[PDB]
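> With the deposited numbering applied, the sequence shown covers 254 to 458, 463 to 502, 524 to 618. Note that beta-carbon positions come from the ideal geometry of N, C-alpha and C, so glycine has one too. One structure, as structure tokens, below. Some questions next.
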Amino acid sequence: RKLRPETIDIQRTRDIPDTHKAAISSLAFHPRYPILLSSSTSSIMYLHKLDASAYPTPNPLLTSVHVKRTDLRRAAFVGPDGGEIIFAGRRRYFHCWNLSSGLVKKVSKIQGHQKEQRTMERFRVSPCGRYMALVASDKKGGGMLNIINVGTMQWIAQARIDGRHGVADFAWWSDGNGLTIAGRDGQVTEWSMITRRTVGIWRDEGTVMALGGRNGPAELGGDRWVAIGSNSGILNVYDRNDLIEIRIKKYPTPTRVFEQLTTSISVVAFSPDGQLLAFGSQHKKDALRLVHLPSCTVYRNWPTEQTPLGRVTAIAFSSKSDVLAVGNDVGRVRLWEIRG
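Shown next as structure tokens:
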């Protein structure tokens, strides 16, 4: 049964066993199985099975990967089946790890567009797993996204956005038909894969951005919500149905403005079922909040002033929205069970 506003049933469960001082940089749940992929600044990736009652050790390490001489910033399961993992750091290549074969491959060349990527660090893989979007730059310095077919690693499309300082953050529409691209100029661009052009541009009245929720506008990707955070600690949430006047509204009104946090928003994530939204700040200990959707009401019973979190640097929800993983800058990954 659906979650309810205000009060939530959430209970600390057992840690991820393996922990070094090196700050967590990436957390993701396998799109199907109770498997957690965690990632470190130390360029080590862990895959842990989720099992709080496992003997001898709860949540047993499945495997680990260390590609040396590589920085590591972002790792992600590819597609609905999550058979492969793509990972990259502040470098001009990335890697594709196949989970079945243990085969790790290096990818360093996008034909005809090599100059355009500073690094391969800032990528998002489409939900279907067929496409990769990368932050790129035109010849004069202008920001854009290059879109790449993952299978062939060939360029297929490109989305240019305004503002000299480029792209702050971005995300695939959940139906794979387009992207939302937050500029560093305060504008947000809705760009369509179907027309391969900009649908419209609106003003956020940023640092990090996320999309979530079921049954948003079908003609703009299907996500109900866009959440945008800033250096001030404020999180703006817009009902994406309110983005359409296709003409995009220039100055849409947030459904909710969150003022609970006073320091820079570093993390924001929607649960896959679209009922929860979490957001936080690493510049302050225990600066994390949890929100019910569609009410946009903040949970008051969790976290408490006792809840151990630390300086949060990563968060993720399981494929069934019943586990919340929270990584901090001292390398701890803690877990909480979520019951309806």
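Counting beta carbon pairs with one atom in the region 546-553 and one in the region 583-599, are three or more of them shorter than 8 Å?
These segments touch.
> Beta strand (DSSP E) containing residue 319: first to last residue?
Unbroken beta strand (DSSP E) run through residue 319: 314-319.
> Residue 194 to residue 262, Cα distance in whole Å?
Since the first residue of the chain shown is 254 and the last is 618, residue 194 is not available in this structure.
> Using the Cα positions of residue 362 and residue 346, report the straight-line distance between them to the nearest angstrom.
Going from the Cα of residue 362 to the Cα of residue 346 covers about 7 Å.
> Sort 429, 577, 349 and 370 by Cα distance to residue 403 and report the nearest one.
When only C-alpha atoms are compared, the closest one is 349.
> For my contact list, residue 342 and residue 279 are in at a C-beta cut-off of 8 Å; report their separation, rounded to the angstrom.
Not a contact, Cβ separation roughly 10 Å.
> Taking the beta strand (DSSP E) that residue 460 falls in, what are its first and last residues?
There are no atomic positions for residue 460 here, as the chain continues from 458 directly to 463.
> Since residue 436 is in the beta strand (DSSP E), which residue starts that stretch and which ends it?
Taken as a continuous stretch (DSSP letters only), the beta strand (DSSP E) holding residue 436 covers 431-436.
> State yes or no: is the C-beta of residue 444 within less than 8 Å of the C-beta of residue 412?
In contact: residue 444 and residue 412 (Cβ atoms closer than 8 Å).
> Give a yes or no on whether the C-beta atoms belonging to residue 386 and residue 329 are separated by under 8 Å.
No, these two residues do not count as a Cβ contact at 8 Å.
> Can you tell me whether residue 359 is helix, strand or coil according to DSSP?
If DSSP states are grouped into helix, strand and coil, residue 359 belongs with the strands.
> Would you decide whether residue 611 is buried or exposed? Buried here means 16 or more other CB atoms lie within 10 Å of its CB.
Buried, because 16 or more other Cβ atoms sit within 10 Å of the Cβ of residue 611.
> Report the partner residues of residue 614 according to the DSSP bridge assignment.
265 and 602.
> From which residue to which residue does the beta strand (DSSP E) around residue 559 run?
First-last of the beta strand (DSSP E) with residue 559: 554-559.
> On a Cα-Cα basis, can you pick out the residue from 332, 291 and 340 that is closest to residue 315?
Minimum Cα distance to residue 315 is reached at 291.
> What does the alpha-carbon distance come out to for the pair residue 375 and residue 617?
Taking the straight line joining both Cα atoms gives about 34 Å.
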